[PDB]
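Quick note on the entry's author numbering: the sequence shown kicks off at 1 and runs consecutively.
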Amino acid sequence: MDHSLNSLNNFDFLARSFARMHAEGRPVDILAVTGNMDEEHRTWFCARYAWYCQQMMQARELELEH
Numbered sequence: 001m002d003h004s005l006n007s008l009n010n011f012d013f014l015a016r017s018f019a020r021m022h023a024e025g026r027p028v029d030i031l032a033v034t035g036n037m038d039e040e041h042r043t044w045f046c047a048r049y050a051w052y053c054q055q056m057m058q059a060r061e062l063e064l065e066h
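This is the structure we're talking about:
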């Protein structure tokens, strides 16, 4: 819907859950974080690309992300 109302609100609440779901292996919508695209997000998604790739493919069963 909006990058400052929907994408921004998710970027804050998911920011703390993005790192928490990284060790737990839970589905996290990184795309929401890539919509704005940040300089630190480049190297961040490098390790979060593979992580989300193996945890989401194994998480897809009852819920998609959250």
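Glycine is no exception: its CB is placed at the ideal position from the N, C-alpha and C atoms.
Tell me which same chain residues have a C-beta within less than 7 Å of the C-beta of residue i, skipping the five on either side of it?
i: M56; result: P27
i: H3; result: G35 and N36
Quick check on this structure: which residue in the options has the alpha carbon closest to the alpha carbon of residue i?
i: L8; options: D29, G25 and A59; result: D29
i: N6; options: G25, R42 and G35; result: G35
Short of 6 Å in beta carbon distance, which residues of its chain neighbour residue i, apart from the five on each side in sequence? Order them along the chain.
i: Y52; result: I30
i: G25; result: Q55
i: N10; result: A32
Under 8 Å by Cβ, that's how I've got residue i and residue j pegged, so tell me the actual separation to the nearest angstrom.
i: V33; j: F13; result: No, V33 and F13 are not in contact; Cβ-Cβ is about 11 Å, not under 8 Å.
i: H66; j: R48; result: Actually they do not touch by this definition, with Cβ atoms about 15 Å apart.
Please list, in chain order, all residues of the same chain as residue i whose beta carbon is under 8 Å from its beta carbon, the five residues on each side excluded.
i: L64; result: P27
| message | As an exercise, report each continuous alpha helix (DSSP H) stretch of at least 4 residues that is fully enclosed by the stretch 15-39, in chain order. | response | 30-36
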